[PDB]
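For this one, two forms of the same chain are given in structure tokens, first as structure 1 and then as structure 2.
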Structure 1
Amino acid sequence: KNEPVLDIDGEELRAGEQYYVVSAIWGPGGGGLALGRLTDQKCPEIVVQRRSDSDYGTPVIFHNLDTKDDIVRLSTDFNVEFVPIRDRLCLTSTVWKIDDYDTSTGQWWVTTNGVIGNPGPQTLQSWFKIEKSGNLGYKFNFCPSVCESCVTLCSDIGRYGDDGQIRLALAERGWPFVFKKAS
């Protein structure tokens, strides 16, 4: 089977367990990903990266395409969902999805209100993959295979400034991350 993604402990990523997604480049490279919100719009929440490298952000849970496989594997479609530690401020889901195109910035954002499950055309924008990033950790990729007939975007996920925050978006060069177990 496909090679497993590993956390910083070298342990295989397990679907359903909570992990921080932390920049593999610390210092000026910032910290972990978090359930963010635009200054002018509080819902749906967006995916942002904390600017301080010790702020790991909000943990995520992975949901495997292959339900019988407990391991999150490279180059394999999955759903990702934030697990907020605070009470919800929105009723939208915390599941990552690619947004509709943003004409005001030229970006295809990673935002929330995605859908867990039902791989196919209805849920195309909610399926992500992890690939190796050079020799420095791991990289998110949006290139779903869940709908063989669908035309889809295929691109790495990078970071991009917006609203005085660091958001995630489709980009030529993917930003590298490591995975740390979260209690």
Structure 2
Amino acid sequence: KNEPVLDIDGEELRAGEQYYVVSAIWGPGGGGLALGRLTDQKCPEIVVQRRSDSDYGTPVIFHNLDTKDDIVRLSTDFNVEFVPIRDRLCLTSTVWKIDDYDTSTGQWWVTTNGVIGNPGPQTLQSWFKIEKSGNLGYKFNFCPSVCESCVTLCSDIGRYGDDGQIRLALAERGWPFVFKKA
């Protein structure tokens, strides 16, 4: 019932298809999202943004809450994952998930090894939404509705630098993105 998210070609996003997720602000705003790696805890992989606006990163696939509905819609909990590939060293999933609080940085990082499906308290950290972000594009938001009695974080997803890389983390002012069919 909510408005469909559209890709840059004006086509409604479909769960199951592959989309690049690319900053709506180019230049110093950067490029697309991709799996990255930390040197100490090399698994799971982390979510990073390419610095070059000509690099669209790695595509993601959306998994709707309601598997009867093919269309990705605003303000509707979904799971999102980078396109699964055998990693040369990780067996964790590529599904996005909110991490535990990082006292060394003040950040709630978007990481991987999330889970698909089974909405409820157990999977709370794997549910994301999309909101409009001005006229530019769309922002991710973590504010799940899947557990009505749970206390939850409720925040846009923004960008934060860490270890020389650009990571995704909860932030007050969400980062705007657009979607391009892969």
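The term rigid core refers to the most C-alpha atoms you can superpose between the two forms while keeping them within 1.5 Å. Every residue number counts along structure 1's sequence, beginning with 1.
2 Å-or-more CA mover between the two structures, where superposition uses the core and the choices are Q122, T67, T39, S52: Looking at each option in turn, only one qualifies, and it is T39.
After fitting the core, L91 CA displacement of 2 Å or more between the two structures: Not so; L91 is displaced by less than 2 Å.
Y101 CA shift between the two structures in angstrom, with the core used for superposition: Reported C-alpha shift between the two structures: 0.5 Å at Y101.
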